[PDB]
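Novice: So that we are looking at the same thing, I have put the structure below in structure tokens.
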Amino acid sequence: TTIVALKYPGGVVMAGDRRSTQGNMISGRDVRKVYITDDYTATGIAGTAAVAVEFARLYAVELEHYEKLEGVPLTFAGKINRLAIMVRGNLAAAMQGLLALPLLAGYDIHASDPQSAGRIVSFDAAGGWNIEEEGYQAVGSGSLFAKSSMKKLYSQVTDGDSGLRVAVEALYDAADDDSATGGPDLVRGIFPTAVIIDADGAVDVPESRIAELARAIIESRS
Amino acid sequence: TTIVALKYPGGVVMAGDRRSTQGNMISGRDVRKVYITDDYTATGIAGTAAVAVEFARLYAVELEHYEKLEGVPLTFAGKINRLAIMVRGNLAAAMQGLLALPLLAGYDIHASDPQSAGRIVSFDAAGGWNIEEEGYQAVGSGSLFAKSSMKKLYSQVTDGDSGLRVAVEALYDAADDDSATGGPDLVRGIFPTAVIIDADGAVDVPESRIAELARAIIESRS
Amino acid sequence: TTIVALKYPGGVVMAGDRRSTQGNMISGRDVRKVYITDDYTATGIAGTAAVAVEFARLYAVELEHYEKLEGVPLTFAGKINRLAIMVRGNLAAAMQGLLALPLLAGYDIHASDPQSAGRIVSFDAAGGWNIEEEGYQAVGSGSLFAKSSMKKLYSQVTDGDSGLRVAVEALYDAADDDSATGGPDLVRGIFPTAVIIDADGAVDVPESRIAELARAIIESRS
Amino acid sequence: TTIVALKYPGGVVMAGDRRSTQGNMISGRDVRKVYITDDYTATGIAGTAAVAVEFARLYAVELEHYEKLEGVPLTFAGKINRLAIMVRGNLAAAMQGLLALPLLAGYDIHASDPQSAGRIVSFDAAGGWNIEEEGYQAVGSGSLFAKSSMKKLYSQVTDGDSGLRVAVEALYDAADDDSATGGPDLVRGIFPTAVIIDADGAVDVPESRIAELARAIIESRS
Amino acid sequence: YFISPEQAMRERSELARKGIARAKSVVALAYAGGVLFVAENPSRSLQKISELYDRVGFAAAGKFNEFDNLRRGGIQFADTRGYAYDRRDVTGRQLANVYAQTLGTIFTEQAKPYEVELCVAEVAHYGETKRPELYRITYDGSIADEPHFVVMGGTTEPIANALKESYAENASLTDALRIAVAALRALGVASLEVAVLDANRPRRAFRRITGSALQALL
Amino acid sequence: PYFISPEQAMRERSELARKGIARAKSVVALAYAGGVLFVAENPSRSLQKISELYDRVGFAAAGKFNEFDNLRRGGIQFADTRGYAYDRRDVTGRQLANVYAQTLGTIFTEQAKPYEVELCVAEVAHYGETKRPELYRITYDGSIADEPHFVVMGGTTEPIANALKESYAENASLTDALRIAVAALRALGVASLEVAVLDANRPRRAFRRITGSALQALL
Amino acid sequence: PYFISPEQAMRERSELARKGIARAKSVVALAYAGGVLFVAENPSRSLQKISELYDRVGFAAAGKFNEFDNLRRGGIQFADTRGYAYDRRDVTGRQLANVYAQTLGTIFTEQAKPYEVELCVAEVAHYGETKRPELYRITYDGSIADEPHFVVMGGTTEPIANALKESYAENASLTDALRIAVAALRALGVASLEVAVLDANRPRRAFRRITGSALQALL
């Protein structure tokens with residue numbers, strides 16, 4: 001598994017691969033690991049599949065619940081805190097092997113400068129969190145290859161689309177050097193999933209765009 | 001043990017063998033492992049015999065109980081969820097050896113296209129579930145041989161009957177390569193059991209049809 | 001990690017580095033480890049990052065809570081006691097590896113002589129505390145190198161600014177001889193953080209001053 | 001650590017050194033280990049520093065609490081009992097390493113003969129106590145050397161001052177043969193602490209007197 | 001010297017009726033795009049119309065702290081139920097039922113009856129056809145199924161009659177707003193609380209209509 | 001006697017509560033340019049009827065000191081825990097005003113004697129933001145009222161409320177609002193006055209007492 | 001759920017409490033140069049109406065011995081635990097005075113018979129510090145009053161309070177304040193007098209009884 005997230009001027013993008021394994025055995029060719037938890041935050045989760053999908057679901061429920069009770073969404077700080085508390089709560093089971101790590105991307109509507117209202121937040125197994133400020137983050141078995149790819153490719157990011165292409169490429173290199181991360185399957189037509197958040201909220205990138213970017217990368221490397 | 005399930009245009013079919021062992025010793029020659037939990041779902045369970053029969057019974061009770069209280073069956077999604085929660089509940093005992101894995105076949109009456117309203121759902125020991133979309137699934141010690149058989153035989157599936165024959169054949173190959181799975185006993189006249197679900201509900205395939213299909217396969221291989 | 005604190009005539013100064021590691025891997029280049037818990041006390045915490053930030057936050061809350069209920073801050077003695085009780089409470093988790101040690105700097109407004117109202121207090125994992133009287137203290141993996149540096153440099157301390165320079169230098173030597181402590185990063189422009197407390201309260205030293213002192217030290221050693 | 005106590009005609013004297021270690025490392029050069037728990041009893045505690053200071057504090061609180069409720073101090077017997085019960089209560093933690101042993105000196109106002117109203121009481125880790133009747137006692141890592149010194153020096157004890165000198169000397173020999181016990185630091189001017197109890201209550205010996213006695217001993221040995 | 005129980009019950013009913021009578025009036029009516037809530041509300045912070053679940057809305061009239069408290073209880077039940085089973089399983093009917101049972105039991109065992117009148121509304125989901133459902137729950141636990149409109153609080157007769165003459169099925173949003181404000185008068189742009197259960201929204205159907213847009217509409 | 005008319009006992013309780021509210025020192029709270037101003041007639045130097053509740057939320061009360069004081073403590077309690085769970089900027093004057101009302105109503109219904117208290121919760125905007133001061137009045141039964149300009153609590157409220165009705169001016173400075181408030185309160189001496197402000201210009205903690213020589217100079 | 005009008009019952013309770021307070025020995029507490037002086041009319045040698053509460057906080061009472069005695073114990077209890085948790089200099093006469101009032105009010109409302117007691121909590125400054133003595137009087141209902149000069153409790157309080165009003169002098173020595181207090185108390189014999197002081201000059205424990213021959217010499 002591998003989930004990358006990077007800020008671009010005016011927004012944030014978050015992409016994730018599709019494979020799920022048991023040991024050396026490829027068990028799922030089309031899992032979706034990036035959820036839209038709310039109109040301004042998307043959440044990726046690496047790790048145990050059960051714990052992951054459960055985290056995502058329950059967190060979305062809690063954000064929206066407070067929103068319905070108080071008539072206003074939490075600030076990005078409150079959201080960060082609740083996610084952190086959930087993660088800290090799973091610590092006992094994470095030592096027993098059921099570890100799940102979330103990467104949280106959001107667009108702060110209350111930030112001062114709109115061009116840098118993008119937000120990326122990373123968590124460890126012990127619930128501590130860190131607001132990333134070098135422009136990108138990743139999680140999962142391929143995270144190191146993905147980060148080392150984005151470090152070089154990141155000067156190319158200038159808008160929503162270039163940022164999307166850089167995301168897809170980083171995923172391609174993760175998969176290229178790690179076997180637990182699936183690359184674009186040209187045969188079955190299964191590509192990474194992506195979410196874009198900007199001033200207007202969060203939308204899923206439609207599959208065709210990711211397909212074209214992936215084919216461009218693959219032809220570039222041949 | 002081995003239980004296969006495959007969609008065909010307009011419905012779903014689910015078949016299971018009859019043997020039950022203790023170590024190398026053949027202890028039951030006529031166990032029934034596929035139940036009709038309700039008018040549109042059948043459930044197979046591999047694993048510890050006690051835990052299996054109990055799961056099936058209790059799940060059927062719960063589906064029908066909610067149906068009597070609310071005056072309408074759950075959606076296929078709710079059913080999937082309850083089964084998943086039961087499975088997650090048995091996890092502590094599954095680590096102690098009492099593992100039971102269910103494979104759930106259903107016919108969604110609310111789906112848009114009737115020709116693809118068939119549904120197959122698979123579970124792991126940790127309660128996570130997955131909606132199968134490559135057309136077939138299996139569970140048990142012979143599951144790998146059964147799946148590798150259906151991958152090749154599946155282009156022949158065009159209706160209810162051809163789908164039934166493919167099911168029986170997949171079982172035959174499971175038994176052919178694994179000793180814990182019983183094949184058709186021509187001497188005692190004991191054949192796999194099968195359930196067919198389509199727009200009109202779930203019916204048990206009468207034994208004679210399975211007998212003829214099994215004899216056709218056996219003569220084909222000689 | 002390394003956090004030094006030293007009294008100067010008329011006040012106290014407390015500085016801390018910025019690195020945070022996981023094993024040999026540098027994970028945070030700009031963590032802030034010295035907090036202003038109240039108008040007359042700053043608190044540094046070495047050790048597990050989660051437990052550290054939590055300690056600081058909760059202690060600040062408690063000081064201010066009693067202040068709001070009773071209409072007057074605790075004496076420096078009461079503050080020392082509450083911090084000690086928190087530290088004693090984390091002992092079970094500290095044996096399990098989640099150890100966090102605080103170093104508490106304060107300016108006693110009620111002391112008799114203003115020129116020596118500065119206060120430095122150190123704690124062990126078992127909640128016992130000690131009021132330092134040789135003029136300086138440190139905590140963290142680099143603490144021994146920092147103390148052995150300040151022992152020699154401390155006769156130079158005559159005011160707020162010279163005391164600040166001595167603090168920064170002690171940090172520089174800690175980092176120079178230990179790899180878990182980060183030195184001034186001239187490339188990224190990240191310098192230690194510092195807090196100064198005197199008769200007028202606690203203020204954060206603005207970054208520029210620390211930058212100039214660090215550059216002076218670095219040029220002195222070349 | 002080492003704390004000696006000896007009766008003299010008409011009173012009791014109790015002295016303790018100042019060092020506190022962690023392994024081979026000298027961590028405290030001026031700890032005070034002998035407290036005045038009340039107007040007629042002083043208490044020394046050897047062992048874990050936290051448990052020690054806590055014992056002393058809580059015991060003083062309890063003596064004075066009963067005194068305020070009943071309008072009269074407990075008899076020396078009751079005091080002995082309460083201290084013993086505290087010590088017995090710490091036994092579980094003493095097996096885990098947090099051992100603290102008290103030595104209790106008191107002046108019984110109700111005794112028949114004033115010249116022998118002095119009282120020394122020693123405790124083990126299991127709360128049992130013993131009223132010393134050979135005229136002196138000690139506790140701590142240097143206790144054996146201190147006792148073997150006082151056995152020879154004790155015929156010189158004839159009043160409050162000679163008894164004080166004998167105490168200081170016994171401490172000097174403890175420190176001379178054990179490294180965990182600090183001797184008189186002539187450089188920093190830190191000397192053992194002493195408490196004298198007689199018919200008029202308990203008073204701390206002012207530092208100058210202990211300084212002169214220590215210098216006399218040190219010059220005698222050169 | 002004891003009194004009686006039946007007489008006490010009658011007195012309680014009268015007290016409840018009086019409490020219901022001295023209150024701001026609310027109306028809810030079906031229109032082409034769903035259901036429309038129009039309440040006479042001067043405050044800007046205190047509200048008498050609320051989202052309950054994706055397609056289920058709620059209006060009330062009486063004592064604010066109590067009706068507000070029911071509001072919270074209703075919100076609570078739906079979320080937990082949805083999490084256990086699913087969002088499309090919570091229906092306006094189940095919620096309407098819960099309030100009635102709770103109210104009856106509460107009244108029988110409590111000291112003072114809740115001087116409240118409730119209206120639970122439901123519309124169909126996205127891309128489906130079904131008529132809006134209105135239920136009225138009264139202070140005792142009684143529940144009534146309304147086909148066209150509910151009027152709560154204050155003097156309900158004149159408003160109910162004016163609506164009886166003006167109501168038109170499949171009236172647009174503006175017409176239903178005019179009818180509802182007119183029958184409510186039987187007012188000014190200020191102090192009006194207006195919200196809709198817009199059946200055309202994908203998921204969350206409840207939507208407030210406030211400020212300049214409302215002024216333009218009226 | 002035994003069987004009686006509840007409606008009569010309830011009426012008696014209301015009358016008793018009214019009497020308790022009536023025999024008490026008067027407090028006023030009014031909006032001015034820099035925030036909100038509390039001016040209470042208070043002779044004691046230790047016992048106070050005006051208090052900080054949270055960063056931007058203040059509190060004044062009139063009635064029985066032990067009870068209003070007790071509510072003061074309960075209100076302080078709720079805000080700190082809530083802030084720790086979510087955050088400081090999430091606690092609002094509205095939520096606090098609401099909690100007191102519900103608690104008061106339930107408490108009165110289940111307790112023996114009703115709290116002879118009248119509460120005013122005040123809120124101002126945060127630093128570097130524009131928003132009008134909000135005043136809420138909570139009465140002994142649980143009723144809550146939203147006030148745009150000023151609240152008067154305890155004693156005879158009519159003359160003070162009318163004098164304020166004639167003298168009030170939005171965006172009056174601190175000195176003018178103090179003169180108006182003391183004047184309408186008289187309807188006094190430098191001593192025995194409890195004056196505090198919710199100064200909207202402070203960075204975090206807005207509540208600030210105005211006592212002694214500075215107050216004398218102002219007046 | 002009761003016959004006799006609740007208000008009438010409350011009035012009866014108040015009258016009963018007043019009667020209980022009235023038929024009791026009189027106690028006075030007054031400020032003098034060295035601190036605070038308690039002078040009570042007490043015949044018994046074992047039963048006492050004046051007590052140390054904490055280092056600088058003293059306590060006098062008048063009414064029913066078992067109850068006022070019980071409060072004495074409760075007050076002692078609270079201070080020690082509080083001091084252990086935080087510190088000795090954190091316990092103040094104010095906090096203690098407050099606790100008794102709240103407890104008394106709640107207790108009266110939920111109990112059967114009201115405590116026929118009248119309390120006076122006194123506090124002086126610490127060693128080497130300057131501050132005026134503080135006297136608080138707590139009555140049976142929970143009311144608390146801040147007294148600048150002297151408190152009179154139990155029996156007929158008018159004549160004693162007036163005699164003190166004429167004779168009181170701030171910064172009177174110990175002997176003069178004793179003469180004034182005994183004289184105004186008479187409005188007696190060396191025997192049956194309970195006299196204690198909160199001597200501000202003591203290092204820690206300020207409370208100190210003045211009994212026997214020394215007292216006789218003073219008087």
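To be explicit about the labels: the chains of the structure tokens are called A, B, and onward in the order shown, and within each one the residues are counted from 1, while ligands get numbers from 1 in the order they are shown.
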Can you work out which residues from chain C touch chain D at a cut-off of 10 Å (counting only C-alpha atoms) and hand them back as a ChimeraX atom specification?

Specialist: /C:88,124,126-130,132-133

Novice: What are the residues of chain G that have an atom within 12 Å of an atom of chain E, counting only C-alpha atoms, as a PDB file with N, CA and C atoms, in the first residue's frame?

Specialist:
ATOM      1  N   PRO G   1     -45.631  17.814  48.627  1.00  0.00           N
ATOM      2  CA  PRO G   1     -46.636  16.890  49.137  1.00  0.00           C
ATOM      3  C   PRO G   1     -46.773  17.006  50.652  1.00  0.00           C
ATOM      4  N   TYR G   2     -47.440  18.064  51.101  1.00  0.00           N
ATOM      5  CA  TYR G   2     -47.644  18.294  52.527  1.00  0.00           C
ATOM      6  C   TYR G   2     -48.820  19.233  52.772  1.00  0.00           C
ATOM      7  N   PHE G   3     -49.391  19.157  53.969  1.00  0.00           N
ATOM      8  CA  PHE G   3     -50.524  20.001  54.332  1.00  0.00           C
ATOM      9  C   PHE G   3     -50.073  21.423  54.646  1.00  0.00           C
TER      10      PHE G   3
END

Novice: Can you pull out every residue from segment 78-129 of chain A that DSSP, working from the backbone, puts in strand (DSSP E), and format the result as a compact mmCIF listing (two decimals) with N, CA and C atoms, in the first residue's frame?

Specialist:
# COMPACT_ATOMS: atom_id res chain seq x y z
N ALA A 100 -3.16 0.65 11.90
CA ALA A 100 -3.70 1.44 10.80
C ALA A 100 -3.24 2.88 10.95
N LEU A 101 -2.57 3.41 9.92
CA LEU A 101 -2.05 4.77 9.97
C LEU A 101 -2.75 5.65 8.96
N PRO A 102 -3.31 6.78 9.41
CA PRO A 102 -3.99 7.72 8.52
C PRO A 102 -3.12 8.90 8.11
N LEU A 103 -3.37 9.35 6.88
CA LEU A 103 -2.80 10.56 6.31
C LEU A 103 -3.98 11.43 5.92
N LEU A 104 -4.01 12.65 6.45
CA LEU A 104 -5.19 13.51 6.38
C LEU A 104 -4.87 14.74 5.54
N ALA A 105 -5.62 14.94 4.47
CA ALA A 105 -5.48 16.11 3.61
C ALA A 105 -6.71 16.96 3.74
N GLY A 106 -6.52 18.27 3.88
CA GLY A 106 -7.65 19.15 4.01
C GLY A 106 -7.38 20.51 3.40
N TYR A 107 -8.45 21.25 3.17
CA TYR A 107 -8.34 22.61 2.68
C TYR A 107 -8.98 23.52 3.71
N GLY A 118 -3.88 24.83 1.73
CA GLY A 118 -3.80 23.39 1.72
C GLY A 118 -3.13 22.87 2.98
N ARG A 119 -3.50 21.66 3.37
CA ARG A 119 -3.01 21.12 4.64
C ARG A 119 -2.76 19.63 4.50
N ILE A 120 -1.60 19.18 4.95
CA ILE A 120 -1.29 17.77 5.00
C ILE A 120 -0.83 17.43 6.41
N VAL A 121 -1.35 16.33 6.95
CA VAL A 121 -1.11 15.96 8.34
C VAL A 121 -0.82 14.46 8.40
N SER A 122 0.24 14.10 9.13
CA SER A 122 0.65 12.70 9.23
C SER A 122 0.65 12.25 10.68
N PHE A 123 0.37 10.96 10.87
CA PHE A 123 0.22 10.38 12.20
C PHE A 123 1.11 9.16 12.34
N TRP A 129 0.84 13.66 15.94
CA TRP A 129 0.65 14.11 14.58
C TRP A 129 1.62 15.22 14.26

Novice: After least-squares alignment of chain F to chain G over all Cα atoms in order, what RMSD do you get?

Specialist: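 Across the paired C-alpha atoms, the RMSD reaches 0.9 Å.
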
Novice: With the cut-off set at 10 Å and counting only C-alpha atoms, tabulate each residue of chain A with an atom at most that distance from an atom of chain F, showing the nearest atom pair and its distance in Å to one decimal, ordered by chain and increasing number, as CSV.

Specialist:
residue,atom,partner,partner_atom,distance
A:70,CA,F:95,CA,9.3
A:72,CA,F:90,CA,9.8
A:74,CA,F:90,CA,8.1
A:75,CA,F:90,CA,8.8
A:77,CA,F:87,CA,8.4
A:78,CA,F:86,CA,5.8
A:79,CA,F:86,CA,9.0
A:81,CA,F:86,CA,7.7
A:82,CA,F:86,CA,8.3

Novice: Taking 4 positions as the minimum chain separation for residues in the same chain, which residues sit within 6 Å of residue 196 of chain A when counting only C-alpha atoms? Answer as a list in words.

Specialist: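 What passes the distance filter is residues 13, 202 and 203 of chain A.
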
Novice: Take the selection from the previous step and output its residues with C-alpha atoms, as a short mmCIF file (atom, residue, chain, number, x, y, z; two decimals), in the first residue's frame.

Specialist:
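Generated file (selection-v2.cif):
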data_model
loop_
_atom_site.label_atom_id
_atom_site.label_comp_id
_atom_site.auth_asym_id
_atom_site.auth_seq_id
_atom_site.Cartn_x
_atom_site.Cartn_y
_atom_site.Cartn_z
CA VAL A 13 -4.34 16.33 -4.03
CA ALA A 202 -13.52 17.80 -2.50
CA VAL A 203 -14.20 15.92 -5.73
#

Novice: Among chain F, which ones does DSSP assign to alpha helix (DSSP H) (computed from the backbone)? Answer as a PyMOL selection string.

Specialist: chain F and resi 6-22+65-85+93-110+157-167+174-186+212-218

Novice: Between atom CA of residue 59 of chain E and atom CA of residue 151 of chain E, measure the distance and give it in Å to one decimal.

Specialist: 10.0 Å

Novice: Neighbours of residue 44 of chain B within 8 Å (only C-alpha atoms; same-chain residues fewer than 4 positions away dropped), as a compact mmCIF listing (two decimals) with N, CA and C atoms, in the first residue's frame?

Specialist:
# COMPACT_ATOMS: atom_id res chain seq x y z
N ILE B 3 -16.71 -24.94 -1.02
CA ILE B 3 -18.01 -24.40 -1.39
C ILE B 3 -17.78 -23.36 -2.47
N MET B 14 -24.88 -21.85 -5.92
CA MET B 14 -23.97 -22.11 -4.81
C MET B 14 -24.00 -23.59 -4.46
N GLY B 16 -21.84 -27.16 -2.62
CA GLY B 16 -20.90 -27.57 -1.59
C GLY B 16 -20.79 -29.09 -1.52
N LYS B 33 -23.68 -28.38 3.82
CA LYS B 33 -22.95 -27.18 4.21
C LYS B 33 -23.53 -25.89 3.64
N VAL B 34 -24.53 -25.96 2.77
CA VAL B 34 -25.12 -24.79 2.14
C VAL B 34 -26.56 -24.68 2.61
N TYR B 35 -26.89 -23.58 3.28
CA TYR B 35 -28.22 -23.34 3.81
C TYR B 35 -28.92 -22.25 3.03
N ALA B 56 -24.85 -20.31 10.70
CA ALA B 56 -25.94 -20.35 9.74
C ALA B 56 -27.30 -20.17 10.42
N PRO B 102 -17.67 -17.79 6.25
CA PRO B 102 -18.86 -17.84 5.41
C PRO B 102 -18.65 -17.20 4.04
N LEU B 103 -19.36 -17.78 3.07
CA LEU B 103 -19.47 -17.28 1.71
C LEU B 103 -20.95 -17.07 1.46
N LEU B 104 -21.33 -15.85 1.10
CA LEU B 104 -22.72 -15.43 1.07
C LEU B 104 -23.13 -15.12 -0.37

Novice: Give as a VMD selection string every residue of chain F that touches chain G within 12 Å, counting only C-alpha atoms.

Specialist: chain F and resid 1 to 6 8 to 10 12 to 13 15 to 17 43 to 47 64 to 70 111 to 114

Novice: Quick check, in Å to one decimal: how far apart do atom CA of residue 180 of chain G and atom CA of residue 167 of chain G lie?

Specialist: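 Going from atom CA of residue 180 of chain G over to atom CA of residue 167 of chain G covers 6.1 Å.
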
Novice: Report as JSON lines the residues of chain E within 12 Å of chain A, each with its shortest atom pair and distance in Å (one decimal), using only C-alpha atoms, ordered by chain and increasing residue number.

Specialist:
{"residue": "E:45", "atom": "CA", "partner": "A:71", "partner_atom": "CA", "distance": 10.9}
{"residue": "E:47", "atom": "CA", "partner": "A:71", "partner_atom": "CA", "distance": 11.4}
{"residue": "E:50", "atom": "CA", "partner": "A:68", "partner_atom": "CA", "distance": 9.6}
{"residue": "E:51", "atom": "CA", "partner": "A:68", "partner_atom": "CA", "distance": 8.0}
{"residue": "E:52", "atom": "CA", "partner": "A:68", "partner_atom": "CA", "distance": 8.8}
{"residue": "E:53", "atom": "CA", "partner": "A:68", "partner_atom": "CA", "distance": 9.5}
{"residue": "E:54", "atom": "CA", "partner": "A:68", "partner_atom": "CA", "distance": 11.0}
{"residue": "E:68", "atom": "CA", "partner": "A:69", "partner_atom": "CA", "distance": 11.5}
{"residue": "E:69", "atom": "CA", "partner": "A:69", "partner_atom": "CA", "distance": 11.9}
{"residue": "E:71", "atom": "CA", "partner": "A:69", "partner_atom": "CA", "distance": 10.0}
{"residue": "E:72", "atom": "CA", "partner": "A:69", "partner_atom": "CA", "distance": 7.9}
{"residue": "E:73", "atom": "CA", "partner": "A:69", "partner_atom": "CA", "distance": 11.0}
{"residue": "E:74", "atom": "CA", "partner": "A:69", "partner_atom": "CA", "distance": 11.4}
{"residue": "E:75", "atom": "CA", "partner": "A:69", "partner_atom": "CA", "distance": 8.2}
{"residue": "E:76", "atom": "CA", "partner": "A:65", "partner_atom": "CA", "distance": 9.2}
{"residue": "E:77", "atom": "CA", "partner": "A:65", "partner_atom": "CA", "distance": 11.9}
{"residue": "E:78", "atom": "CA", "partner": "A:65", "partner_atom": "CA", "distance": 10.8}
{"residue": "E:79", "atom": "CA", "partner": "A:65", "partner_atom": "CA", "distance": 7.9}
{"residue": "E:80", "atom": "CA", "partner": "A:61", "partner_atom": "CA", "distance": 9.9}
{"residue": "E:82", "atom": "CA", "partner": "A:61", "partner_atom": "CA", "distance": 10.0}
{"residue": "E:83", "atom": "CA", "partner": "A:61", "partner_atom": "CA", "distance": 8.3}
{"residue": "E:84", "atom": "CA", "partner": "A:58", "partner_atom": "CA", "distance": 11.4}
{"residue": "E:86", "atom": "CA", "partner": "A:61", "partner_atom": "CA", "distance": 12.0}
{"residue": "E:87", "atom": "CA", "partner": "A:61", "partner_atom": "CA", "distance": 11.3}
{"residue": "E:204", "atom": "CA", "partner": "A:68", "partner_atom": "CA", "distance": 11.2}
{"residue": "E:206", "atom": "CA", "partner": "A:68", "partner_atom": "CA", "distance": 11.5}
{"residue": "E:208", "atom": "CA", "partner": "A:71", "partner_atom": "CA", "distance": 11.9}

Novice: What lies within 8 Å of residue 104 of chain G using only C-alpha atoms, ignoring chain neighbours under 5 positions off, as a list in words?

Specialist: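 So, after excluding close chain neighbours, the residues are residues 115, 140, 141 and 142 of chain G.
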
Novice: Could you give me, as a PyMOL selection string, the residues within 10 Å of residue 201 of chain C, counting only C-alpha atoms and dropping anything in the same chain fewer than 5 positions from it?

Specialist: chain C and resi 11+36+38-41+106-107+109+196

Novice: Using only C-alpha atoms, please write the residues we just selected to a file, as a tab-separated table (two decimals), in the first residue's frame.

Specialist:
chain	number	residue	atom	x	y	z
C	11	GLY	CA	16.17	36.35	35.24
C	36	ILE	CA	5.44	29.09	28.05
C	38	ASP	CA	2.37	30.70	32.24
C	39	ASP	CA	3.43	34.33	32.70
C	40	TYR	CA	6.32	33.28	34.92
C	41	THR	CA	7.15	29.67	34.08
C	106	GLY	CA	10.38	30.07	36.63
C	107	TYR	CA	10.74	33.56	38.03
C	109	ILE	CA	7.79	37.20	42.03
C	196	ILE	CA	13.42	34.50	28.58

Novice: I'd like the interatomic distance between atom CA of residue 118 of chain E and atom CA of residue 137 of chain E, to a tenth of an Å.

Specialist: 5.0 Å

Novice: Might you pull out every residue within 12 Å of residue 78 of chain F, with only C-alpha atoms counted and same-chain residues fewer than 5 positions away left off, and present them as an MDAnalysis selection string?

Specialist: (chainID C and resid 65) or (chainID F and resid 53:54 71:73 83:85 91:92 95:100)
